[PDB]
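Residue numbering for the sequence shown follows full-length UniProt numbering, beginning at 90 and increasing consecutively.
What follows is a set of notes on a single structure, which appears directly below.
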Amino acid sequence: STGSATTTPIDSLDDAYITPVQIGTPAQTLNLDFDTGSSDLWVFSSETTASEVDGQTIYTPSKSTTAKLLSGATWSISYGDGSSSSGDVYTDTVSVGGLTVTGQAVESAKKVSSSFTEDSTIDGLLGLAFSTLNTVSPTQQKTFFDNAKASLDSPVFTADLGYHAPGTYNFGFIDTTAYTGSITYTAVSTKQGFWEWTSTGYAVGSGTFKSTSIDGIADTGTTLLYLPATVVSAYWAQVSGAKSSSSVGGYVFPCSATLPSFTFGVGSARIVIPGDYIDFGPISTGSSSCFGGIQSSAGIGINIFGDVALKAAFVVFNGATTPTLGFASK
Ligand code: NA
Numbered sequence: 090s091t092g093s094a095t096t097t098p099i100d101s102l103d104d105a106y107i108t109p110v111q112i113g114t115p116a117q118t119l120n121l122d123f124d125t126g127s128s129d130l131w132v133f134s135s136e137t138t139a140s141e142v143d144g145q146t147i148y149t150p151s152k153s154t155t156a157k158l159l160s161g162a163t164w165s166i167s168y169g170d171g172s173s174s175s176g177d178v179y180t181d182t183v184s185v186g187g188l189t190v191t192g193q194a195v196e197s198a199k200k201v202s203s204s205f206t207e208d209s210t211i212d213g214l215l216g217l218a219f220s221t222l223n224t225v226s227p228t229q230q231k232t233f234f235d236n237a238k239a240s241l242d243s244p245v246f247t248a249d250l251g252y253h254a255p256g257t258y259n260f261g262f263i264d265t266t267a268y269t270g271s272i273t274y275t276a277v278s279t280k281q282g283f284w285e286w287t288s289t290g291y292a293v294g295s296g297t298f299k300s301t302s303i304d305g306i307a308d309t310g311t312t313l314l315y316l317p318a319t320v321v322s323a324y325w326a327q328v329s330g331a332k333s334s335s336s337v338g339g340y341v342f343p344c345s346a347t348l349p350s351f352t353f354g355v356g357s358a359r360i361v362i363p364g365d366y367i368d369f370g371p372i373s374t375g376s377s378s379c380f381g382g383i384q385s386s387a388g389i390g391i392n393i394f395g396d397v398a399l400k401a402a403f404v405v406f407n408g409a410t411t412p413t414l415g416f417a418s419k
């Protein structure tokens, strides 16, 4: 089997991407944030505290003839941005882009933090990191990908995120029409439960490539590119008037600037992030200070290849017995 679903930016900045997901019988379609940096499929629901719901579509398990309470199971998750959610668990039928899993753990939120409530466009998350990170207790649950894997034509999914445009998540196949050149594969460590890999270096604009190992994770659920402070300083030093602002919480730059590209290495291959991808617009409405898309990972304890980086590439998440990542230009 295979599945193919379109993923759509939630706003004009590509802050996140939503993908429609069918849950239950008859189907309830929710727009979920597919997150390769976490391993829980959780939704706004009929159980979510009413004051914490503001515009989201909810899953109502009582209206699904295939929903079953997973008795005694709870979940609770905290993300890198400080947000959180928790609740109880149902199993139900979940379909993505025509690919169906029966008996998927659907984590029903009883509580969500303010950042979730405030984002009316995201109805929940669908985690695509390794199932070792799933938070369900006392019986850890599998991701949608891990439950689908054995049925797929190939044990893979691909992320093809758009820049200010829709893109695609595919499950079970490589679309050889969706990228240019060849795919370069690179080793993955699953020791922290992430799609963790080592970039071979970077370049700023038309500058020389610096060969250096940068361990980090491929995380579709993180907006920005978070890299070591040395790398990030080297990038923003090429933008007149850019500075790190403790008040704003990262590098800002004049909105009048033209940003340089950023290149990262994948083995001997190179992915180029156009400068435009690195512009996250005014820090507040009407400001001439703009927020940068490349930020320091210092204090986060890991480098994160978030959407700024991933949307410059066609990315293969290879879930074979020995997982690997692939990157192609597009
Ligand atoms: Na922000």
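C-beta: ideal position from N, C-alpha, C; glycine also.
Sub-8 Å separation of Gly-382 and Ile-367 beta-carbons: Counting from 1 along the sequence shown, the entry for residue 382 is found at position 293. Counting from 1 along the sequence shown, the entry for residue 367 is found at position 278. Yes; because the gap between Cβ atoms is below 8 Å, this pair is in contact.
Residue interval of the beta strand (DSSP E) (run including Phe-403): The sequence position of residue 403 within the sequence shown is 314, counting from 1. Where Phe-403 is concerned, the enclosing beta strand (DSSP E) stretches over 403-407.
From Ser-240 to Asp-365, what does the alpha carbon distance come to, in whole angstroms? Taking the first residue of the sequence shown as 1, we reach residue 240 at position 151. Taking the first residue of the sequence shown as 1, we reach residue 365 at position 276. Pairing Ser-240 with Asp-365, the inter-Cα distance amounts to about 39 Å.
Cβ of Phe-380 within 7 Å of any heavy atom in the ligand NA? To locate residue 380, count along the sequence shown from 1; it is residue 291. Of the heavy atoms belonging to the ligand NA, at least one sits nearer than 7 Å to the Cβ of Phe-380.
Integer Cβ distance of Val-293 from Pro-349, believed to fall under 8 Å: Sequence index remark: in the sequence shown, residue 293 carries index 204 (1-based). Sequence index remark: in the sequence shown, residue 349 carries index 260 (1-based). Indeed they touch by this definition, with Cβ atoms about 6 Å apart.
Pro-150 - DSSP class collapsed to helix/strand/coil: As a first step, residue 150 must be located in the sequence shown, where it is residue number 61. Three-state DSSP puts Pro-150 in a helix.
Would you kindly work out how many angstroms separate the C-alpha atoms of residue 472 and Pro-98, rounded to a whole number? Nothing in the structure corresponds to residue 472, since the chain is present only between 90 and 419.
Just reading off the beta strand (DSSP E) that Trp-286 is part of, what are its end residues? For the purposes of this step, residue 286 is identified with residue 197 of the sequence shown, where counting begins at 1. Per DSSP, the continuous beta strand (DSSP E) segment holding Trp-286 begins and ends at 285-293.
Looking at the strands, I want to know which residues DSSP matches up with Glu-196. Locating residue 196 in the sequence shown gives position 107, counting from the first residue. Under DSSP, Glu-196 takes part in a beta bridge, and its partners are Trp-131 and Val-178.
What do you get for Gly-356, buried or exposed, if any count of 16 or more other CB atoms within 10 angstroms of its CB means buried? Start at 1 with the first residue of the sequence shown, and residue 356 comes out as number 267. It counts as exposed.
Reference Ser-101; option with closest CA among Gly-251, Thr-352 and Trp-284: Looking up residue 101 in the sequence shown gives position 12. If you compare the alpha carbons of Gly-251, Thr-352 and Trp-284 with that of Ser-101, the shortest gap goes to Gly-251.
Quick check: what's the CA-CA separation for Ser-378 versus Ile-360? For the purposes of this step, residue 378 is taken as residue 289 along the sequence shown, with counting starting at 1. For the purposes of this step, residue 360 is taken as residue 271 along the sequence shown, with counting starting at 1. Near 27 Å, if we compare the C-alpha coordinates of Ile-360 and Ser-378.
Would you mind sorting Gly-415 into buried or exposed? The rule is 16 or more other CB atoms within 10 Å of its CB. The sequence position of residue 415 within the sequence shown is 326, counting from 1. Buried, by the Cβ-count rule.
Smallest Cα separation from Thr-411: which of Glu-285, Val-185 and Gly-113? One-based indexing of the sequence shown puts residue 411 at position 322. The candidate whose alpha carbon is nearest that of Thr-411 is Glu-285.
How about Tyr-148 and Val-190: are their beta carbons less than 8 Å apart? Here residue 148 corresponds to residue number 59 of the sequence shown, with the count starting at 1. Here residue 190 corresponds to residue number 101 of the sequence shown, with the count starting at 1. No, the pair does not count as a contact, with Cβ atoms beyond the cut-off.
Which value, in whole angstroms, describes the spacing of the CA atoms of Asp-170 and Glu-141? Here residue 170 corresponds to residue number 81 of the sequence shown, with the count starting at 1. Here residue 141 corresponds to residue number 52 of the sequence shown, with the count starting at 1. About 18 Å.
Report the residue from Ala-116, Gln-145, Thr-138 and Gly-113 whose alpha carbon sits nearest the alpha carbon of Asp-122. Here residue 122 refers to the residue found at position 33 of the sequence shown. Out of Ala-116, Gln-145, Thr-138 and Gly-113, the CA that lies nearest to the CA of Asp-122 is found in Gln-145.
Go to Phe-234, then tell me how far its alpha helix (DSSP H) extends in each direction, as first and last residue. The sequence position of residue 234 within the sequence shown is 145, counting from 1. 233-237 is the span of the alpha helix (DSSP H), which, as asked, contains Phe-234.
For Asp-104, report the span of its beta strand (DSSP E) as first-last. On the sequence shown, residue 104 is found 15 positions in, with the first residue counted as 1. If you look at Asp-104, you'll find it isn't in any beta strand (DSSP E); DSSP assigns it neither H nor E.
Given 8 Å, three or more beta-carbon pairs between the region 119-134 and the region 152-160: No: fewer than three Cβ pairs fall under 8 Å.
Can you give me the Cβ contacts of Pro-363 inside the same chain, cut-off strictly under 6 Å, excluding the 5 residues immediately before and after it? By one-based count along the sequence shown, residue 363 stands at place 274. Only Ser-350 meet the Cβ criterion.
Just checking my contact of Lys-152 with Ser-175 at CB under 8 Å: how many whole Å lie between their CB atoms? For this step, residue 152 is matched to residue 63 along the sequence shown. For this step, residue 175 is matched to residue 86 along the sequence shown. The pair is not a contact, with the Cβ atoms about 22 Å apart (cut-off 8 Å).
In this structure, what does DSSP give as the bridge partners for residue 76? With the chain covering only 90 through 419, there is no way to say anything about residue 76.
Within the chosen definition, does the region 305-318 reach the region 383-399 through at least 3 CB pairs nearer than 8 Å? By the Cβ test, the region 305-318 is in contact with the region 383-399, since at least three Cβ pairs between them sit closer than 8 Å.
Could you tell me whether the Cβ atoms of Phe-283 and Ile-303 are closer together than 8 Å? For the purposes of this step, residue 283 is taken as the residue at position 194 of the sequence shown. For the purposes of this step, residue 303 is taken as the residue at position 214 of the sequence shown. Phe-283 places its beta carbon 8 Å or farther from that of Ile-303.
For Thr-289, count neighbouring C-beta atoms within 10 Å of its own C-beta (all shown protein chains included) and say buried if the count is 16 or more, exposed if not. For the purposes of this step, residue 289 is taken as the residue at position 200 of the sequence shown. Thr-289 should be labelled buried.
Quick check: the Cα distance between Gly-256 and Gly-216, rounded to an integer number of angstroms? Taking the first residue of the sequence shown as position 1, residue 256 is located at position 167. Taking the first residue of the sequence shown as position 1, residue 216 is located at position 127. So the two alpha carbons sit approximately 18 Å from each other.
Backbone CA spacing between residue 56 and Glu-136 [nearest angstrom]: In the structure as shown, the chain begins at 90 and stops at 419. Residue 56 is therefore absent and cannot be evaluated.
Would the beta-carbon of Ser-93 fall within 8 Å of that of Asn-259? Indexing the sequence shown from 1 puts residue 93 at position 4. Indexing the sequence shown from 1 puts residue 259 at position 170. With contacts defined as CB atoms closer than 8 Å, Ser-93 and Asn-259 qualify as a contacting pair.
Grouping DSSP H, G and I as helix and E and B as strand, with all else coil, what is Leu-399? For this step, residue 399 is matched to residue 310 along the sequence shown. Annotated three-state conformation of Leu-399 is helix, per DSSP.
Going straight from the alpha carbon of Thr-352 to that of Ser-336, what length do you get? If you number the sequence shown from 1, residue 352 lands on position 263. If you number the sequence shown from 1, residue 336 lands on position 247. Computed Cα separation, rounded: 28 Å.
Residues near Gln-229 by beta carbon distance below 8 Å, same chain, minus five either side: Indexing the sequence shown from 1 puts residue 229 at position 140. Closer than 8 Å at the Cβ level, and outside the excluded window around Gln-229, lie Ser-220, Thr-221 and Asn-223.
Where DSSP assigns a beta bridge to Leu-414, which residues make up the other side? Translated into positions along the sequence shown, residue 414 becomes position 325. DSSP output for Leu-414 lists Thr-275 and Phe-406 as bridge partner(s).
For a quick check, are the C-beta atoms of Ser-128 and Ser-173 less than 8 Å apart? As a working note, residue 128 is residue 39 in the sequence shown. As a working note, residue 173 is residue 84 in the sequence shown. No. Outside cutoff.
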